[PDB]
Amino acid sequence: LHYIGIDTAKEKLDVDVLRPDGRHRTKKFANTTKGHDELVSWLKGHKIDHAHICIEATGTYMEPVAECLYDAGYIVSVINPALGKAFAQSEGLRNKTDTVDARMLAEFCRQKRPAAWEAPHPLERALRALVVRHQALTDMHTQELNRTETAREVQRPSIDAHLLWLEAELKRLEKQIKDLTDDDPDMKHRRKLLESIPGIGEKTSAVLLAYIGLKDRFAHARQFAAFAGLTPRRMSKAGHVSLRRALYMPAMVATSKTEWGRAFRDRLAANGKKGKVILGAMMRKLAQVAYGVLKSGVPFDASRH
Amino acid sequence: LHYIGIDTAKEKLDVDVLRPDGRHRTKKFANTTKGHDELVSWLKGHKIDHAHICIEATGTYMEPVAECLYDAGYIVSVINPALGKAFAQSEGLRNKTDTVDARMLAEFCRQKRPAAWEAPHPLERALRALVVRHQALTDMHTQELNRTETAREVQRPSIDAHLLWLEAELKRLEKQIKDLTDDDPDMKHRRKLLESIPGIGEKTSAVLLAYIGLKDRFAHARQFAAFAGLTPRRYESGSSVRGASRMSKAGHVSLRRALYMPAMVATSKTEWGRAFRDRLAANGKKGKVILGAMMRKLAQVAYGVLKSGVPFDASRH
Amino acid sequence: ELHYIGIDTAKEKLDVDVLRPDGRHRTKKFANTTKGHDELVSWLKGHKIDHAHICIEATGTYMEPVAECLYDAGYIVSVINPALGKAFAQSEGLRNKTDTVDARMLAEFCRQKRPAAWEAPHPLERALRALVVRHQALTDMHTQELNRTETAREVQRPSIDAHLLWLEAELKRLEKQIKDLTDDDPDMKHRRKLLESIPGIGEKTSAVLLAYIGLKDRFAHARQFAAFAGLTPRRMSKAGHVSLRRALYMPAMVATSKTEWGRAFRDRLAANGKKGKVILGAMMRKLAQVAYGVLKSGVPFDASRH
Amino acid sequence: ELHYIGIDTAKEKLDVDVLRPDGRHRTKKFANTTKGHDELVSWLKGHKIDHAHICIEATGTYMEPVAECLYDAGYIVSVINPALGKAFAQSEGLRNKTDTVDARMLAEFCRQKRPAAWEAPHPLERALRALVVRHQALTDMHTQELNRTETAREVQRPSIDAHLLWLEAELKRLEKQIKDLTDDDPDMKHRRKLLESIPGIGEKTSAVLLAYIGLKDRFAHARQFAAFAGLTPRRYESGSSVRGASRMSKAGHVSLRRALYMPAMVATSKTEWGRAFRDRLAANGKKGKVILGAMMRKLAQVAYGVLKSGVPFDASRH
RNA sequence: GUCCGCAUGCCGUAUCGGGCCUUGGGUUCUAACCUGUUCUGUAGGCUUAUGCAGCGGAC
RNA sequence: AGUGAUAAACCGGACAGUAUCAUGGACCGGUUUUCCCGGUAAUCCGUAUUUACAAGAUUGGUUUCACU
DNA sequence: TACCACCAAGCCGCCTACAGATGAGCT
DNA sequence: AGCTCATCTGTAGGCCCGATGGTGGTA
DNA sequence: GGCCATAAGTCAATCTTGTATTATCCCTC
DNA sequence: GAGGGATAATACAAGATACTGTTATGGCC
Ligand SMILES: [Mg+2]
Ligand SMILES: [Mg+2]
């Protein structure tokens, strides 16, 4: 088994093979479809038919080659970049260059032996992309709302026109998301179970499903809550902001309007916890119950809480 | 002469009068048209005819009251908020650094006697409003344009549609600005003089007018350079202390923002610009340091030309 | 007919800025020397300046001679805390810092703020403080070498031991020098005896307190003295003499632990639910206030009042 | 066959964690005493642990005796830079319970990395470094008092003058004690003579350099000794976009880095080979202190070079 | 009711330190070239939230 | 200490933002310092958007409960 | 009358000015 | 043998630990 | 079956990669 | 003569004040 490290850039790839005997092989490639073919050819050139490849999450510049090597039939791992930086410091490295990083990643692979990566389902990729687009347009719509507060009279026609455009466009995406989840019989069913939870509506169901996916990729619900950066360490905040920000207003709706939510708020209030500390706790709980309900395959039963 | 201070908020006003004798008269008001009428009456109630009012520039909530008192005929000073905080710290070592109350503003007014404020011409306000809007739409366009780079294919129809809208809207505002400056013969002429400067185009001239204004508010061109936050901040003391000169940045950000690309166009493509670039480069100045220097020069020539009242002359450089 | 004068000070040079009643400025630079200081007094009297308020920032000890020179000439002198000067320059909206700008900034500070006048301290006050701060300097150095013995290699120990002996001997020499100083003067002898009467204050703390309070009662209220040490909260401000605050911590600790009036104070705050160091912080402030109080009363400490 | 052991050391206690080949752990705490260390060795020999690789943090003087003990017992001992330990913890997960490193973590550090073996210094190497470090302490105290002389009150001056005389005498005594140490050892005498042959390196710097280089040549290349002193430039590059500015890394012994500044200033100013080097970089757009930083690195590298070569400084090579 | 006097209550997390560890990247390849801003120090200044409560005195 | 179970309990302060304010040090002519008066589109002192923007990554600690 | 162990727990200042080191060539 | 002068904006990471003074109690 | 008001409000995740602005010159229909 | 593309610059640090929106549910028409 060889151990390969790839540093990624927009234009180039730096590759570092670490052979069983211990010697290295290094080569640069263009980060293109042609270059990716040159890479696989080069590996099979040196009779490397079994290898574990390690690569940092670097924008979306690492995604094409990761899929290419997965299809060629290698074990690919796409590591969190923060681990890589810490590992470099554990190795005592005194420089940051592309060839240094590529070699560092081969060692990371060998020593740590990280979990294998799997390309998401096309529908999961599509759903995620729409949910991310929807958040962007909501942010822009909120920016333009803030402006109406202090807008001059001459500025106001321009702002009103943009708000109309943004509202139509948000409405269009919400339909595109609905059509996506309705077509797939799995997603249609899984979304309806999420919405059974009091506090989770149309919007929050789409975001949860976009990050949970189709299959059960988490073994336990507490892992999903960790993935969202909601577990304490203060909250770690080591997880997707898009997922975490989506849960805040549902947390308020639950703690206030819903029966099971109030119960949680009251118990924590009795122990002496402040407003946002309870909301923090409820965010984590919603995440954890969301993954719970899906595993069960059964509508939200309030009796358990 | 009385010295009044007004601490402003969205909803409420807080007023503190300082009498010549030294006694105070304080009263809170609503921040409404009705509220502002009570204030003027309450001052004229206590036979306060001549006063110097000092308000701090918190935003658009304090503009109506400032205009109200200016019309009532009092002297109004609208002060930079950072001066207020600094003044409080000059008044003692153990002062609260999260408040400047109406009393503090009355003392500020007495000690410093700040320069009088003047309500901008309706035409100047309109121009500044459109220019500020244009910059906001430019920023939103840049955001969406950055997103095209890495966008997923399902996202691209949405982003493309938004870019078309934003481009059309930007083009509408540009025409709306042009129509404003053309309809006033003072602005039409002043804008033509600015655009005679190599490196100043349609977009930059509109910014420069919005801040320079109709009248000549500044006595000297160097003051306008300071106003934009472009002059180098010297830091020297005795023999030991020798800090490095840097751009002060203590000035209007929207001006400072507008001049960086003009500066880069001047030093690269124009004769008078390259001349300046070469001299500083010889003297050992780095690339972006020369841009900073050219930004200040453009500001200072912009004001100079308008004073001179004649097109840009290269012979002066 | 009062002029306003600002002086920015350096090791070598002075930068003077006279602001006249009519509102115009006169400026000149002088050497920071005895000869230079005489030229300044002459230059002022050559412009017919008899009355003037002079403002100068505390800048090491490089401004102490000129401040004394002008005070003798009959001018009003203010020595301002330089943190105030900086804030004022910001309030004035200045965009540069030079020796010429600062001299002009200080003349305006003088005109606008009209700060309190400065009084040159008594030679005895000036000597007592000199000895006390030197004593702390040696204590800090002794503590350094004492830390070193913990982890010292064997070959280093003869050197460290030798230094500890020398420092201990020197510390006794100063303690005697301080005792001799506050025995010759009848006023200091009485006042030092009054301070020691407080349970929690001994030989060392008494001399520190006497150095900062001084001979004459230059504070109006007790909390003013507590603020001068930086003990009043705002969480403690720290905006005061660190050498004075330093000196009260261990006195505070022995007071709350092994005195009647201290334990009484500790218990009161313990009942209301305060942490250990919060009570010490509180006792430091209280010790400062009582110390000042006892002196103004002029009678030994009485526990009844607390 | 090989076990991996981590030890977490405090002043009073030792926490030990043995990682067995199979994967199970053994844990037992000990006193940080001579009795404790003998108990530890017996406990390992109890469980038939003959070959092991122990990993300890370099926290100071409290961990040195147990390291000595285990080295003599015949185990492989590694004494790691604590900053590596903290970084290793963060490489194991994103949301660890604590940032603290424990004996278990150290045993895992040992397994994954197999760090280089530690070697107990020679008594004379230990003596020399101790004296040199004492000399730097007294120099700093002497500097303090010199600064005070400037702005002292006249009543304070008798005390400051007295202390200065004492410190001057003690520095002089301790310099002679260093000279007597190196003169008595024929190896150290020769190596010190070689270092002084370099223009820019005198008595004070040669002693510092020996204290960190030592009797035997531990570094494979001279550039590694420059890295050891923290004198090499740290590059920061990625892709087209990311491009930081190279600065002195400073990841290394401050004592070395402190010692070489004035030699570098003497070399670039007064010596033939150092003026040559100054002039070349000054021909490029390099500032004074930038050139000084470069010369500091060069002196470290040449110092180690000359010792390895075993022959006095040859100017021809520069 | 008002104005002063407080060694009063409420508010208060001091300050100085010490020791130890550190085996670059690229190149024309290791005492060469490109890439390099040391280690620390010193002195001085600091006048209430009397804000609110108590308590005492005067009118 | 390891393994399994967990929609329970203890630990938990989310994101995104918006608007607005800013009159150099000095130099060149008079006076013969500055100030003041007159002049400054020149020279020396300058690392923009006082947080420029975009994208991607993130599989808890512990307590109960079983088994070794 | 002189000597000794103990209290608290490691969690945060703002400014205005200053200075030293070592080694090689020159007196 | 003693003296002078060469450098000026600021910015590595971690882990282990100790002393101060004054008083009541003890010898 | 459709529309509005309300709940919280002091302060602090880590990294790996990218790109825009305006105005004048220059080349192409 | 109008329309569109290419181009210049790169280590980062260092002022204040006033404010607002998100979603999902149980209430109301
Ligand atoms: Mg990378
Ligand atoms: Mg000064």
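Letters A, B, ... mirror the listed sequences (proteins, then strands); counts begin at 1. Just so it is clear, the values below take in all heavy atoms, side chains as well, and ignore hydrogens, waters and symmetry mates.
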For [X], which contact category applies under a 4.0 Å heavy-atom criterion: base, sugar-phosphate, or nothing?
{"X": "D:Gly230", "answer": "nothing"}
{"X": "C:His241", "answer": "base"}
{"X": "B:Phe218", "answer": "base"}
{"X": "B:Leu259", "answer": "nothing"}
{"X": "C:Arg223", "answer": "base"}
{"X": "C:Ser297", "answer": "base"}
{"X": "D:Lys287", "answer": "base"}
{"X": "A:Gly292", "answer": "base"}
{"X": "D:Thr59", "answer": "base"}
{"X": "D:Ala251", "answer": "base"}
{"X": "B:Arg147", "answer": "sugar-phosphate"}
{"X": "D:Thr205", "answer": "sugar-phosphate"}
{"X": "D:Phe313", "answer": "base"}
{"X": "C:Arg235", "answer": "sugar-phosphate"}

Could you tell me the separation between the [atom1] atom of [X] and the [atom2] atom of [N], rounded to a whole number of Å?
{"X": "D:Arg218", "N": "E:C21", "atom1": "CZ", "atom2": "P", "answer": "11 Å"}
{"X": "D:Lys308", "N": "E:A32", "atom1": "NZ", "atom2": "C1'", "answer": "13 Å"}
{"X": "A:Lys85", "N": "I:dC15", "atom1": "NZ", "atom2": "P", "answer": "4 Å"}
{"X": "B:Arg246", "N": "F:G46", "atom1": "CZ", "atom2": "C1'", "answer": "11 Å"}

SB check A:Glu149 B:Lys10 (cutoff 4.0 Å): yes

Please state whether the base of [N] and the side chain of [X] form at least one donor-acceptor pair under 3.5 Å?
{"X": "D:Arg257", "N": "E:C39", "answer": "no"}
{"X": "B:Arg234", "N": "F:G25", "answer": "yes"}
{"X": "D:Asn81", "N": "H:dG14", "answer": "no"}
{"X": "A:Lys257", "N": "I:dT6", "answer": "yes"}

Can you tell me if [X] has over 12 outside heavy atoms packed within less than 6.0 Å of its [atom1]?
{"X": "B:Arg256", "atom1": "CZ", "value": "yes"}
{"X": "D:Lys287", "atom1": "NZ", "value": "no"}
{"X": "C:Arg218", "atom1": "CZ", "value": "yes"}

Set of side-chain hydrogen bond (donor to acceptor under 3.5 Å, both in side chains) partners for D:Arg223, sequence neighbours left out: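 Testing D:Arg223 for side-chain hydrogen bond (donor to acceptor under 3.5 Å, both in side chains), a comparison that skips the adjacent residues, returns none.
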
Six-ring stacking criterion satisfied by F:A41 and F:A42 (under 5.5 Å, under 30°): no

F:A7|F:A8 base stack, centroid gap <5.5 Å, plane angle <30°: no

All stems with DNA chain G, defined as three or more consecutive Watson-Crick or G-U pairs under 3.5 Å: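 Correct response: E:38-46 with G:13-21, G:1-7 with H:21-27, G:22-27 with H:1-6.
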
Contact nearer the 5' end of RNA chain E, comparing C:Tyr292 with D:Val254: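 That would be C:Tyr292.
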
Contact under 4.0 Å: A:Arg94 side-chain N or O vs H:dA12 OP1/OP2: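 A:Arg94 to H:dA12 OP1/OP2: no side-chain N or O under 4.0 Å.
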
Side-chain touch A:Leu230/A:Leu247, heavy atoms, less than 4.5 angstrom: yes

Side-chain contact groove (criterion: under 5.0 Å), residue D:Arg297: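 For D:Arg297, the answer is major.
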
Look for any protein N or O under 3.5 Å of an N or O in nucleotides 19-21 of chain G and output each such pair with its distance, or none.
from, atom 1, to, atom 2, distance (Å)
G:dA19, OP1, C:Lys11, NZ, 2.7

Pair test for H:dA12 and E:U22: Watson-Crick or G-U wobble, both under 3.5 Å: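 They are paired, because both relevant distances stay under 3.5 Å.
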
J:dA13 and H:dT9 base-paired, Watson-Crick or G-U, both contacts under 3.5 Å: yes

Pi stacking test for C:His25 and F:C35: under 5.5 Å apart, planes under 30°: no

Same-atom distance (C1') from H:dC8 to G:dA21, integer angstrom: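 Taking atom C1' in both H:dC8 and G:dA21, they lie 15 Å apart.
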
Ring-ring centroid check D:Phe313 D:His318, cutoff 6.0 Å: yes

